[PDB]
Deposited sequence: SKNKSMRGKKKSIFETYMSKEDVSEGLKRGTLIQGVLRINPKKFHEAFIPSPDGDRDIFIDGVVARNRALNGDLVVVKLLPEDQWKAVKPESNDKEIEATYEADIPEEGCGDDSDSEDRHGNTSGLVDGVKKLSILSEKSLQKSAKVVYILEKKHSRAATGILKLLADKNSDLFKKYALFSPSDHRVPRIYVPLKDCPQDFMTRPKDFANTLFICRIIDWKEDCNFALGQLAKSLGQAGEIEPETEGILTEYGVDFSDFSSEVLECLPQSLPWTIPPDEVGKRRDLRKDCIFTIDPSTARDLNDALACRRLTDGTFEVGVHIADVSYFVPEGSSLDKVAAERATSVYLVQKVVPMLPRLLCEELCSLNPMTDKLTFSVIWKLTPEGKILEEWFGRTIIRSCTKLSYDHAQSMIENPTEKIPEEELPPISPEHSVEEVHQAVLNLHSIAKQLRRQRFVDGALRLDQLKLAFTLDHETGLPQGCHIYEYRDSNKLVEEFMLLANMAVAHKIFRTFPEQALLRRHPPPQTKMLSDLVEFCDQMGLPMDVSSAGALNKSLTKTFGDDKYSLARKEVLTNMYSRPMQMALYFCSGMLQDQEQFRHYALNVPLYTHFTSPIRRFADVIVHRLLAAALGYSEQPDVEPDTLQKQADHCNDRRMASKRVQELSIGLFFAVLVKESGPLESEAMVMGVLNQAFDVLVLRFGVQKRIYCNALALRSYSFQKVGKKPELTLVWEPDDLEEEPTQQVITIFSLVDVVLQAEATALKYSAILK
């Protein structure tokens, strides 16, 4: 049986007296018998031995623990339940007046369900539901019971199918994808089609006549930012970042505000998008669509050709985007800088602005961005980007026809450098104005122990590396023989490995953090940062807009407690990471299906680790990690030797015929090999073998 939880006051006293420790529970997915929490000082985490010591806690919960003598601790309370208490799993079935629900997530415990709650068709033939995904909600977990009690929510459908699995990911991670309540939709404008009131135009700087445009993916539905660039007579440039003024449409403390605060961010699945706001805002009103007057909150600079700021300006504005460019369009402009492109290979453009004018703007914005970026890395910036997958979906069926590695081009970077520049400018502005109430975004450095151990590992394999800083590492991960697919492959593998010690970036209230040296963003290597440029799809930006609004005197002094503001930040962090897991799982889902439907898929891969009966590989064409087992390979024998510091795996291939002699193949780390991905019998499961 489990242990009885502690009292509210006993715990509150414990946390206050240091005797008890707070933290976020992490459960080992490979060995669910093991759970961990971070320690306030020591770089080594605290160990939770067994499920009993976990005390019915779940992964993600903010738990309280008491230390044990000879690290090791036991859970004694749960101050905040952060797990959704909802899971995707399968139903099956002595005291047989219950059913056994098995969550796909091994971190989640198995759940008892009352048979009376179960479908009649399941009662008759449970084996019919062997591959039927249900949603189950943990309603309780008794201290005497080994399993937890739950309520069957609904049937999603067959496992492995896209839409059922999608809803499973969304629900399991607590993403609200419901229609918006009527009390929310009444906060929206009621006079449609909505036009900007005349009195506002006077209050704002009217940029509707200026050449402003947007650059986003071809499939973009919610355009948050717009850009502009003029060359001044004195050789300098006037760049402008115009963000949709969502703050205007979302009154603080309204039903619309509360649901936005809850949803915290938009979720970008592969085939669809779970929006933060209603579509009337996300896609029509706030969205900076072309050839329509839009309310914006802008940042404008007078910039050096190198991107150095000469003077800086904030203020509410109003624009009329002359065109909606895609990154492909922008790139074509950049690659053909002195050629009038056929005006049919480009999107519709407002008649009051020529294509040549926009073309020139992109070229100039590229020129500065090119310089802004190059400078950023000289100043010790870290780009640690792994391979990302993009899919091509059959519009008839929705299934994926294929996939490709997403290419991050000059047009992509163009936008990035100015969104960066804008966000920093606002970070400095609100913090300089309201030092105790600034909604900023820091990024701590890597964990000392993990990184130090990784550097040691890299000392072997003949790969000395400097990691004294973010910048030092960045140069190391771009310091290769270059040119060839091997060094590029090794680059990607090392990019992965050095991501483990890295910590997540955090929203935070300025006044709630003492040491300002911790305000730093490790990877960007800057003293201050925040999110401001994407208020349609991110609530953190909305709060910053309200703060910036107050900094310019558009509203009263902010009367929010730093405590309250941190709560918003905490929740924003929670939904942000949760959103990332979902977006990743969505990609994983579609690739699994793609592997299943498009037969076996070939690809080159690089070895990451080597064990005595298997080895891990990074599949290059897809950026997935898979383990290859010697059992699955048609081998006649295989040997494992660890001499030479690094592990090596020697394979002997069994020929299919007596004519062919057995071929040998040594597998060591950073080895380039061919692999094929075949779908297994299980849903969304596929294996890797060495071709």
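Sequence ranges without modelled C-alpha atoms (deposited numbering): Residues lacking C-alpha coordinates: 1 to 12, 83 to 142, 166 to 172.
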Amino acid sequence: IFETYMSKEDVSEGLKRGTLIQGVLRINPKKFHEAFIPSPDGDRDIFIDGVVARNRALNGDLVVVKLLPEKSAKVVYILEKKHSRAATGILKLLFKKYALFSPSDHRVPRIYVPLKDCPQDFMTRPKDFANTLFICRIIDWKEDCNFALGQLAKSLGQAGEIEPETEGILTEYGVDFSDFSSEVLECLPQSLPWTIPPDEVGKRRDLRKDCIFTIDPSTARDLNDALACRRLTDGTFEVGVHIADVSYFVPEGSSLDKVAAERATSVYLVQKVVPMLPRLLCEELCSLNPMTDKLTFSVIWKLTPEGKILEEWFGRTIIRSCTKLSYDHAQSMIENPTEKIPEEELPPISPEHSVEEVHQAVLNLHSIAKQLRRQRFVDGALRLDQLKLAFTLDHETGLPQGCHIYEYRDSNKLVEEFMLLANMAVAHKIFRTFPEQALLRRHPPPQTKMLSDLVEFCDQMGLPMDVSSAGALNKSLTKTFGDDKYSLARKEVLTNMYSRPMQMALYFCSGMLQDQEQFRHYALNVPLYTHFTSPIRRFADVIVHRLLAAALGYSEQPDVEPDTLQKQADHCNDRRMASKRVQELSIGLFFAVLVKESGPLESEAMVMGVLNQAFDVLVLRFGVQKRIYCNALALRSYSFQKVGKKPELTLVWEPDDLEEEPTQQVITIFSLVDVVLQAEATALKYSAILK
From here on, numbers count along this sequence of modelled residues.
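248 to 256 or 478 to 486, whichever carries the higher mean Cα B-factor: Looking at the recorded C-alpha B-factors, 478 to 486 comes out higher on average.
Selected stretch [higher average CA B-factor]: 410 to 418 or 144 to 152: Higher mean C-alpha B-factor: 144 to 152.
Residue of maximum C-alpha B factor among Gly160, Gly307, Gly599, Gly402, per deposited coordinates: Among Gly160, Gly307, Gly599, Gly402, the highest C-alpha B-factor in the entry belongs to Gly599.
Highest-ranked of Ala57, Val624, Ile628, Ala53 once sorted by CA temperature factor in the record: Comparing C-alpha B-factors across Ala57, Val624, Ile628, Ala53, the maximum falls on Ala53.
Chain third (lowest, middle, highest) by recorded CA B-factor, residue given as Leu384: Middle third of the chain for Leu384's C-alpha B-factor.
Chain-relative CA temperature factor third for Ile1: Within its chain, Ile1 is a highest-third residue by C-alpha B-factor, going by the deposited values.
Third of the chain's Cα B-factor distribution that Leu25 belongs to, per the entry: Its C-alpha B-factor, which the entry lists for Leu25, ranks in the middle third among residues of this chain.
Chain-wide C-alpha B factor ranking for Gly168, given as lowest, middle or highest third: Lowest third.
Chain-relative CA temperature factor third for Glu262: Tercile = middle for this residue's CA B-factor.
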